[PDB]
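Below, chains carry the letters A, B, ... as their sequence lines are ordered, and counting in each starts from 1. Just so you know, these numbers use all the heavy atoms, side chains as well, and skip hydrogens, waters and symmetry mates.
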Amino acid sequence: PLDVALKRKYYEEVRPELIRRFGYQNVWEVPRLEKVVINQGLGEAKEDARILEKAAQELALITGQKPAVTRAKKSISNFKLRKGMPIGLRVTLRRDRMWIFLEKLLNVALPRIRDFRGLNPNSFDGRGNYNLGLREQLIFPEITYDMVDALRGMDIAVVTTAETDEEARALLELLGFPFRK
Amino acid sequence: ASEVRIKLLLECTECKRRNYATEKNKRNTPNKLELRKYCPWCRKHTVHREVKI
Amino acid sequence: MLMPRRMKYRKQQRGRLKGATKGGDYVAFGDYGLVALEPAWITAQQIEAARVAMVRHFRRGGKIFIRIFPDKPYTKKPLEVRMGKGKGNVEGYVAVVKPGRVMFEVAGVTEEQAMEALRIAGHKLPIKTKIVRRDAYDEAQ
Amino acid sequence: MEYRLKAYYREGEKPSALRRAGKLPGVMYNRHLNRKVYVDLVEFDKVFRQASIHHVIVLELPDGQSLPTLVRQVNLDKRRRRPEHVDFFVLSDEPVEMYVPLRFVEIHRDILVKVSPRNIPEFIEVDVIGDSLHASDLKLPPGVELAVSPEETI
Amino acid sequence: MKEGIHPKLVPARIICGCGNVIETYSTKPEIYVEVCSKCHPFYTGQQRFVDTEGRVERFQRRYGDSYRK
Amino acid sequence: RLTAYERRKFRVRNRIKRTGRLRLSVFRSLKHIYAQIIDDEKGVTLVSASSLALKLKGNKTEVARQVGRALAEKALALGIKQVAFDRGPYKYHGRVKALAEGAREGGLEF
Amino acid sequence: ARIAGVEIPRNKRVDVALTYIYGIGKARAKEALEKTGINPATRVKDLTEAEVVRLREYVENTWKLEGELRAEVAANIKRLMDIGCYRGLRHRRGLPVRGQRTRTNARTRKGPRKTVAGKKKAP
RNA sequence: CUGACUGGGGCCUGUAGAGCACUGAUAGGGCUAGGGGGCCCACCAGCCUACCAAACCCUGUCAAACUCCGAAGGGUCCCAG
RNA sequence: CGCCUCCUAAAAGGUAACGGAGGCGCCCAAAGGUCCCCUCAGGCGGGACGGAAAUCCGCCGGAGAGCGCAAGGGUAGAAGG
RNA sequence: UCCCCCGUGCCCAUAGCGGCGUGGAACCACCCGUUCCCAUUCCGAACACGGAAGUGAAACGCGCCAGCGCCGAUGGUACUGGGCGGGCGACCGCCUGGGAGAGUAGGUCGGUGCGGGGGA
Ligand SMILES: [Mg+2]
Ligand SMILES: [Mg+2]
Ligand SMILES: [Mg+2]
Ligand SMILES: [Mg+2]
Ligand SMILES: [Mg+2]
Ligand SMILES: [Mg+2]
Ligand SMILES: [Mg+2]
Ligand SMILES: [Mg+2]
Ligand SMILES: [Mg+2]
Ligand SMILES: [Mg+2]
Ligand SMILES: [Mg+2]
Ligand SMILES: [Mg+2]
Ligand SMILES: [Mg+2]
Ligand SMILES: [Mg+2]
Ligand SMILES: [Mg+2]
Ligand SMILES: [Mg+2]
Ligand SMILES: [Mg+2]
Ligand SMILES: [Mg+2]
Ligand SMILES: [Mg+2]
Ligand SMILES: [Mg+2]
Ligand SMILES: [Mg+2]
Ligand SMILES: [Mg+2]
Ligand SMILES: [Mg+2]
Ligand SMILES: [Mg+2]
Ligand SMILES: [Mg+2]
Ligand SMILES: [Mg+2]
Ligand SMILES: [Mg+2]
Ligand SMILES: [Mg+2]
Ligand SMILES: [Mg+2]
Ligand SMILES: [Mg+2]
Ligand SMILES: [Mg+2]
Ligand SMILES: [Mg+2]
Ligand SMILES: [Mg+2]
Ligand SMILES: [Mg+2]
Ligand SMILES: [Mg+2]
Ligand SMILES: [Mg+2]
Ligand SMILES: [Mg+2]
Ligand SMILES: [Mg+2]
Ligand SMILES: [Mg+2]
Ligand SMILES: [Mg+2]
Ligand SMILES: [Mg+2]
Ligand SMILES: [Mg+2]
Ligand SMILES: [Mg+2]
Ligand SMILES: [Mg+2]
Ligand SMILES: [Mg+2]
Ligand SMILES: [Mg+2]
Ligand SMILES: [Mg+2]
Ligand SMILES: [Mg+2]
Ligand SMILES: [Mg+2]
Ligand SMILES: [Mg+2]
Ligand SMILES: [Mg+2]
Ligand SMILES: [Mg+2]
Ligand SMILES: [Mg+2]
Ligand SMILES: [Mg+2]
Ligand SMILES: [Mg+2]
Ligand SMILES: [Mg+2]
Ligand SMILES: [Mg+2]
Ligand SMILES: [Mg+2]
Ligand SMILES: [Mg+2]
Ligand SMILES: [Mg+2]
Ligand SMILES: [Mg+2]
Ligand SMILES: [Mg+2]
Ligand SMILES: [Mg+2]
Ligand SMILES: [Mg+2]
Ligand SMILES: [Mg+2]
Ligand SMILES: [Mg+2]
Ligand SMILES: [Mg+2]
Ligand SMILES: [Mg+2]
Ligand SMILES: [Mg+2]
Ligand SMILES: [Mg+2]
Ligand SMILES: [Mg+2]
Ligand SMILES: [Mg+2]
Ligand SMILES: [Mg+2]
Ligand SMILES: [Mg+2]
Ligand SMILES: [Mg+2]
Ligand SMILES: [Mg+2]
Ligand SMILES: [Mg+2]
Ligand SMILES: [Mg+2]
Ligand SMILES: [Mg+2]
Ligand SMILES: [Mg+2]
Ligand SMILES: [Mg+2]
Ligand SMILES: [Mg+2]
Ligand SMILES: [Mg+2]
Ligand SMILES: [Mg+2]
Ligand SMILES: [Mg+2]
Ligand SMILES: [Mg+2]
Ligand SMILES: [Mg+2]
Ligand SMILES: [Mg+2]
Ligand SMILES: [Mg+2]
Ligand SMILES: [Mg+2]
Ligand SMILES: [Mg+2]
Ligand SMILES: [Mg+2]
Ligand SMILES: [Zn+2]
Ligand SMILES: [Zn+2]
């Protein structure tokens, strides 16, 4: 493995504050980050193009990890959707690549959101996971307005081992997630 | 069988003898079928090519 | 009038009619009930007639429970036809009803109001009946 | 509460012969015994119409025993509307489930209760169309536990 | 990790408008940004920007009490 | 509710047991590898081997081949020659493969 | 995404580029530049990275812009609608607010015409 | 001597009856996603339903093409008369 | 008017009527062989555009999904991907 | 021979859901790594390999609890093979042999074969 500031922060700062905040008797009881799953549910590229490429190439720059295509489970007439059409990109970020992306997501990406007033405290999973949604992909530093062609957003799933929202919100705020309320 | 789902013979490409009968959907599969099949005359497996029945 | 809203199949073969009623033999809701003594296909019209009779006697008062439902399609060929050429069309619905069935119950009413209302109802029915009162035998079931 | 009923043991008499003889085939059981019995039909009728599965009936078996029972089942002949068999549950100290009546200061006439045979009450009192409450808000005298989910409307 | 399908993450220097520097990894060796988390007015504590108002409208519409007491 | 692990293990075991052969079943822990040749008609293990019993250590693969030869050695003693390999939940690879290669090397027929 | 959250267009002079920011007209563009020593004629493409942040810092700190300005504009309309003053009813029903007559034009405020049928003559 | 029929033993079955777990039907009540009903609101809410509206819960039922169950029998093989 | 599925059909098989209901006269070059791997529907909570329903995450979930098309049988310890 | 663990069967929920308690020496797991073999329609999550600092948190193993699930008598009944009656019928009754389903009492938080590691 290697040294990322957020990772070293999780052990040095966030783990002891968690234990003294919650009283974990076992060192594996204390919440951990598990994975970061990024979902671009496009559907614009259903048939109108294989723009999935220029959007996976930019997901590949943001995460360092090549996305994988997702295909339509069922057919849906109202959606103009045949079963099996390529309608999105998903990439599972774990371990150090998870830290590096989370580190930049907090340090540069979320602040670059305009009219940003903090992450929604209500969006916790009910079971200790978090999800947020972005409307632009140029919020990230690896993406420039010259390199873009169309604004695409995403869903970000951060999974933790915390059993509760209460533990997970402490885990993510201590790491540096600005929550609105 | 149908007008688009046609019957066809498989001809051993080495001794030219038709050895098998089968079908295909010529719209879905326009190219001539090529399949390895055992030729009783050549007593060995060989490339077989579709011809008109 | 009663009838199923939907049905898997439009036409049923004709019943048999053996045996005491399968269930619904004990007073379940009201104080007094009306009991079938003989088997029959009770039509929806018979039910609706016994029911209105008990309403116009309760002068909109009391409670009326109808514990039989006409779910069995009843078929009849058009007049003067010959046999065959398939089953006749559905012209009505009956509820299979066998001895021991509580068909109707009443409550919210005096013993004299209920006994008379149930008596009038039985005159609308193509079978003999018998009026019962909620006993402990009922409440033990 | 409470009542008494003569009860005699049977072995190989046909239930049809007993019923024809104006008697009521029956059984007696708990965790420790199981006996085939019969009560006299008319005698049982006047007790059960009052005692009715809520109240204790003490069986006076000819062998001197006075076993306290609760009626737990009455199968009827569906044609004639006449009882044709009785299950007498021999009460002993272990906690049982039974139906207790409800008298109000009206869906449920009674309620299922887990209780010891010592603590068997006569009443469970209620309070003051169309309105209604649930068994959650209920009295519960000493020794009795609501033997349902309180989602029951009363 | 599969070979030949991913862009190589390398040490990366991120530069903000507040003279801030971040040492992270990325696909670009050096990135400049106009804003980071060390200076976002939300992040920088309260940092009430142009608007310290609230509001003071409207009951602070004084000036004046010049109706005769 | 079955996991993919249990579904896999049933899937390969069902197919082996249909052939009626004695089953060379292999279990692989993070430390040790265990083998036992099994008669499914009698429900009896006929012969076994393992790094835990042989008290071996070192390279897990190189040790896996060793128990293979050790299991074969004792197997030929009791008459067992033909056998069907049971990779259970494991890919035919690495440690399991080495144990498989070992048993053949010692003379088991599969 | 440079200043504030909008990329002011390159190839144009810096004074006109800054106007492409909600909350900066020509006169405010005149200020920020003069108060920071950047030639108002300089093309955006040809500004120092030192001049970017010097222009940016003042602009973003002196007056409130893009989103906040819209939120404070929205808050005042909302306030007028909430109390029920006459201007508040105008912003609700979507009619003009500053004394203009509505018998004829008001189209900017009313939108496309909704032609109805009229009264008839006699033959 | 193998037969009809009969004794014993094993296997096969989905009817009678019953049941409601599945597919549908279904009476009373409670809790209730979509509303109508609507004191009404559209500045963004609401709010109340002695009415219909899935699911669930309690009471109560119906079915050739329903079955969580399930006989008596019936079939077939072996041994015996 | 031939063929398939269910019922009628009376718990082996078979069993009729101008009895109750549907389907077929194709299709697939993989929708075939084998090896390796994977496990659904739906409910609820979470997530830009995004809706009842696209794609993503968590939890529950034995099969109520899927198996080209009727029905029945079968089936995730796969026949489904 | 007995206890614990590991592997593998058999009975096919009296074996399950849930709640709780408990175990790391050994064994198992997670775990430490991703050089190597091999692997991801992306991901060392999985599969796989090399390891042994840590933890039984997860999983698993063992216990305790009857809320749910599951099992479930006895007795009585329905029905019925064979034999007889009754009713205009719809349908009913008797003898003899057989005998459910529902429900009541009640039971169940598994039992067992083979091999291996450990223990007394
Ligand atoms: Mg600690
Ligand atoms: Mg990396
Ligand atoms: Mg919440
Ligand atoms: Mg950027
Ligand atoms: Mg979690
Ligand atoms: Mg073909
Ligand atoms: Mg020849
Ligand atoms: Mg041809
Ligand atoms: Mg008929
Ligand atoms: Mg019937
Ligand atoms: Mg009639
Ligand atoms: Mg008819
Ligand atoms: Mg007819
Ligand atoms: Mg006809
Ligand atoms: Mg009846
Ligand atoms: Mg009459
Ligand atoms: Mg009377
Ligand atoms: Mg009576
Ligand atoms: Mg009942
Ligand atoms: Mg006495
Ligand atoms: Mg009497
Ligand atoms: Mg009870
Ligand atoms: Mg004054
Ligand atoms: Mg060695
Ligand atoms: Mg090994
Ligand atoms: Mg194995
Ligand atoms: Mg402007
Ligand atoms: Mg005007
Ligand atoms: Mg003979
Ligand atoms: Mg014979
Ligand atoms: Mg016979
Ligand atoms: Mg029947
Ligand atoms: Mg049902
Ligand atoms: Mg029935
Ligand atoms: Mg049936
Ligand atoms: Mg059973
Ligand atoms: Mg038969
Ligand atoms: Mg026989
Ligand atoms: Mg036999
Ligand atoms: Mg003989
Ligand atoms: Mg013919
Ligand atoms: Mg034909
Ligand atoms: Mg048959
Ligand atoms: Mg059939
Ligand atoms: Mg035959
Ligand atoms: Mg004939
Ligand atoms: Mg046709
Ligand atoms: Mg081909
Ligand atoms: Mg096929
Ligand atoms: Mg294949
Ligand atoms: Mg949601
Ligand atoms: Mg969506
Ligand atoms: Mg389909
Ligand atoms: Mg079809
Ligand atoms: Mg199916
Ligand atoms: Mg010994
Ligand atoms: Mg084990
Ligand atoms: Mg065992
Ligand atoms: Mg519990
Ligand atoms: Mg512990
Ligand atoms: Mg445990
Ligand atoms: Mg340990
Ligand atoms: Mg230790
Ligand atoms: Mg490598
Ligand atoms: Mg544990
Ligand atoms: Mg229980
Ligand atoms: Mg059973
Ligand atoms: Mg039972
Ligand atoms: Mg019995
Ligand atoms: Mg009878
Ligand atoms: Mg008989
Ligand atoms: Mg019969
Ligand atoms: Mg016979
Ligand atoms: Mg007879
Ligand atoms: Mg006669
Ligand atoms: Mg007549
Ligand atoms: Mg009879
Ligand atoms: Mg009879
Ligand atoms: Mg009999
Ligand atoms: Mg008998
Ligand atoms: Mg039973
Ligand atoms: Mg009993
Ligand atoms: Mg009990
Ligand atoms: Mg019990
Ligand atoms: Mg126990
Ligand atoms: Mg249990
Ligand atoms: Mg035990
Ligand atoms: Mg076991
Ligand atoms: Mg065995
Ligand atoms: Mg042992
Ligand atoms: Mg020993
Ligand atoms: Mg031992
Ligand atoms: Zn040839
Ligand atoms: Zn900064």
Taking atom types as they are modelled, is there a donor-acceptor pair under 3.5 Å from the base of [N] to the side chain of [X]?
X: B/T22; N: I/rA29; value: yes
X: F/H93; N: J/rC37; value: yes
X: A/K46; N: I/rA54; value: yes
X: D/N75; N: J/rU77; value: no
X: G/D82; N: H/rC44; value: yes
X: B/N28; N: I/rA29; value: no
X: D/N34; N: J/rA73; value: yes
X: D/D87; N: J/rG75; value: yes
X: F/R23; N: J/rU8; value: no

Report which part of the nucleic acid [X] touches: base, sugar-phosphate, or nothing (heavy-atom distance under 4.0 Å, all strands).
X: A/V91; result: base
X: F/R18; result: nothing
X: B/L33; result: base

What's the gap between [N] and [M] when it is taken at their [atom1] atoms, as a whole Å value?
N: J/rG50; M: J/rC6; atom1: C1'; answer: 24 Å
N: I/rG23; M: I/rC36; atom1: P; answer: 43 Å
N: I/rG74; M: H/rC12; atom1: P; answer: 16 Å

Paired with [N] by Watson-Crick or G-U wobble geometry, both distances under 3.5 Å: which nucleotide is it?
N: I/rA48; result: none
N: I/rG32; result: none
N: H/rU76; result: H/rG10
N: H/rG34; result: none

Comparing A/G88 and F/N14 on RNA chain I - which has the more 5′ nearest nucleotide:
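First, find each residue's nearest nucleotide; the 5'-ward one identifies A/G88.
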Given that F/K17 and A/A157 both sit by RNA chain I, which one's nearest nucleotide is further toward the 5' end?
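Looking at RNA chain I, the more 5' nearest nucleotide goes with A/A157.
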Under 3.5 Å for both distances: [N] and [M] as a Watson-Crick or G-U pair:
N: J/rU34; M: J/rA48; answer: yes
N: J/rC109; M: J/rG72; answer: no
N: J/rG67; M: J/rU8; answer: no

Parallel, tilted or perpendicular: which one describes the rings of F/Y90 and F/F27, with boundaries at 30° and 60°?
tilted
Return whichever of F/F27 or D/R10 has its heavy-atom-nearest nucleotide of RNA chain J closer to the 5' end.
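On the 5' side of the pair lies F/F27.
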RNA chain J: 5'-proximal contact among A/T92 and A/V27 (nearest heavy atom)
A/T92
Between D/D87 and D/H85, is there a side-chain donor-acceptor contact under 3.5 Å, judged purely by atom types and distance?
yes
Does either side chain, that of E/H6 or that of A/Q65, offer a donor lying less than 3.5 Å from an acceptor on the other one?
no
Is [M] stacked on its strand neighbour [N] by the under 5.5 Å, under 30° ring test?
N: I/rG64; M: I/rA65; value: no
N: I/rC67; M: I/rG68; value: no
N: H/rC56; M: H/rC57; value: yes
N: J/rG69; M: J/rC70; value: yes
N: H/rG46; M: H/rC47; value: yes

Which nucleotide in the list [options] gets nearest to the side chain of [X]?
X: C/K22; options: J/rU41, H/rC20, H/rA25; value: H/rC20
X: A/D125; options: H/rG60, I/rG45, J/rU41; value: I/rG45
X: F/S25; options: I/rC26, J/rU8, I/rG58; value: J/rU8
X: A/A68; options: H/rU61, I/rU39, J/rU41; value: J/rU41
X: A/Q65; options: J/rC43, I/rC49, I/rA29; value: J/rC43
X: D/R79; options: I/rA76, J/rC92, J/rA45; value: J/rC92
X: A/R94; options: J/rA48, J/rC43, I/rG62; value: J/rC43
X: C/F69; options: J/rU41, I/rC57, H/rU26; value: H/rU26
X: A/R135; options: H/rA18, I/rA48, I/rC18; value: I/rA48
X: C/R101; options: J/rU41, H/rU61, J/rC47; value: H/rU61

Check residues 3-19 of chain C and write down every donor-acceptor pair under 3.5 Å in which the side-chain atom is one partner and the other belongs to a residue at least two apart or another chain.
unit_1	atom_1	unit_2	atom_2	d
C/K11	NZ	C/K87	O	3.2
C/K11	NZ	C/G88	O	3.0

State which residues pass ring pair (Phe, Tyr, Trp, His ring centres under 6.0 Å) with C/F69; sequence neighbours excluded, sorted by chain then number.
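With neighbours one apart ignored, the set is empty.
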Could you work out, with ring pair (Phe, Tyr, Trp, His ring centres under 6.0 Å) as the rule, every residue matching C/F104, not counting sequence neighbours?
none
Considering just the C1'-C2'-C3'-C4' torsion, please state whether J/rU14 has a north or south sugar.
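South, since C1'-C2'-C3'-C4' is negative for J/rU14.
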Only counting residues at least two apart or in another chain, list the ones meeting salt bridge (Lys or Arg N to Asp or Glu O under 4.0 Å) with [X].
X: A/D125; value: none
X: C/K98; value: none
X: C/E139; value: C/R134
X: B/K26; value: none

Verify the stacking flag for D/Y29 against J/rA105: centroid separation must be under 5.5 angstrom and the ring planes must differ by under 30 degrees.
no
Nucleic acid footprint by protein, nucleotides 113-120 of chain J - heavy-atom cut-off 4.0 Å, B for base, S for sugar-phosphate alone:
BSSSS---
Show the distances under 3.5 angstrom between N or O atoms of the protein and N or O atoms of nucleotides 64-68 of chain H.
unit_1	atom_1	unit_2	atom_2	d
H/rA64	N9	C/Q13	OE1	3.0
H/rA64	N7	C/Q13	N	2.8
H/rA64	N6	C/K11	O	3.0
H/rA65	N6	C/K11	O	2.5
H/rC66	OP1	C/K8	NZ	3.2
H/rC66	OP1	C/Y9	OH	2.4

For nucleotides 49-54 of chain H, print each protein N/O atom paired with a nucleotide N/O atom at under 3.5 Å, atom names and distance only.
none

N/O donor-acceptor pairs under 3.5 Å from side chains in residues 88-95 of chain A, not counting sequence neighbours:
none

Could you give the distance from CD (B/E23) to CG (B/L33), rounded to the nearest 0.5 Å?
10.5 Å
Protein-nucleotides 35-40 of chain H N/O pairs under 3.5 Å:
none

